[PDB]
């Protein structure tokens, strides 16, 4: 059933996943020396290319591939349109490895055919709390704690094959070459997410959406008017009213994050993320990179009163191309990023996120039910979507966890 995934060091079934009691590697121990120096073989009409994603023109080339060929729905109504500025931010965080950005071009004219990207992340991925209990009950605490130390691994994203080259087994070759490059740097695990079900997720969560511009969402068929609104003389008026938000934030002392906030934000974020089984560890430089405001990319606000930062939230922008509506070309989505609340309830913090996103012309706010996102779903009028996000590791056995035990946001 899986000619490629059956050959890789990942759990092969749910049944197998059910028998996993400790975090740890799947594959044989290996060294950099064991890994082929030469690129993985590829057909003579293609070549490997390493784009420089700090170079505008190379970012533009990858941007076009994704714009035209990246994830879309089944009815081909919307396709993600990650911006050039967003790609540079996502793919060049502190201490990234240029070699982990892998492309295929056709040798002749140099058309870009495929891409995959890895970036470093420092991740807590030791045995989860509920399994450390099981291990205590069995007298197996030492084995359960072996991999407790945060690990420097690879996060994979942006896998894409050109539409004209689909179902030709190019994706496996891209994955093998990426794994080689990562392994040549003495890194042996990766983390990735996908909507599709592959062997085998360690966690899955549904997507949730919060309408900000319902009239446009209905126009482009992102949304429909729910049946109950038909009992009203003016269904759309009632829908707009239902999703109306304040025009300015409600929390006193809300303001954009600045460089001087980085230590406080790192403190409160890392204290909060510790509570979850799987989550990132960020340095100051990583907090700066992922959270300082960046125009059209990432938006981050802190609550500061009486000279102390007590709370923050962040969101990032991913637009989508609206395929052949006559009124609109673009869907402007805000996604819930990291946050931490110490002074106010989470719903009160995130309401200000919706208010700012609406103020700035976003059409919808999206998120997965990771972190404590379920805690403000109903009050803030989010609803579940049809999509899931499944979380995977490469070369890491891991017990199934609930999505509310995952604290890694994947872009």
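Positions refer to the first chain, counted from 1. Heads up, when I say rigid core I mean the largest set of C-alphas that superpose within 1.5 Å between the two forms.
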Open item on the list: Stretch 216 to 224 versus stretch 291 to 299: after rigid core alignment, which one is farther off in C-alpha RMS in 9 other deposited structures of this protein?
Closed with: 216 to 224
- [ ] May I ask which stretch, 72 to 80 or 131 to 139, sits farther from the shown form in 9 other deposited structures of this protein once every structure is superposed on the core, judging by RMS CA distance?
- [x] 72 to 80
TODO: Higher average CA B factor in the deposited record is what I'm after, so tell me if that's 130 to 138 or 336 to 344.
DONE: 130 to 138
Task: Of 260 to 268 and 229 to 237, the stretch whose C-alpha atoms average the higher B-factor in the entry - done: 229 to 237
Task: Most elevated Cα B-factor in the entry, residues 210, 146, 162, 216 - done: 146
- [ ] Could you check 180, 289, 308, 255 and tell me which one carries the biggest Cα B-factor in the deposited entry?
- [x] 308
TODO: State the tercile, meaning the lowest, middle or highest third, of residue 323 with respect to the CA B-factors recorded for its chain.
DONE: highest
Open item on the list: Looking at the temperature factor on the CA atom of residue 58, which third of the chain's modelled residues does it land in?
Closed with: middle
TODO: For residue 372, return the chain-relative third of its C-alpha B-factor as stated in the PDB record: lowest, middle or highest.
DONE: lowest
Task: Among modelled residues of the same chain, the CA temperature factor third for residue 357 - done: lowest
TODO: Sort the modelled residues of this chain by their C-alpha B factor and say whether residue 317 lands in the lowest, middle or highest third.
DONE: lowest
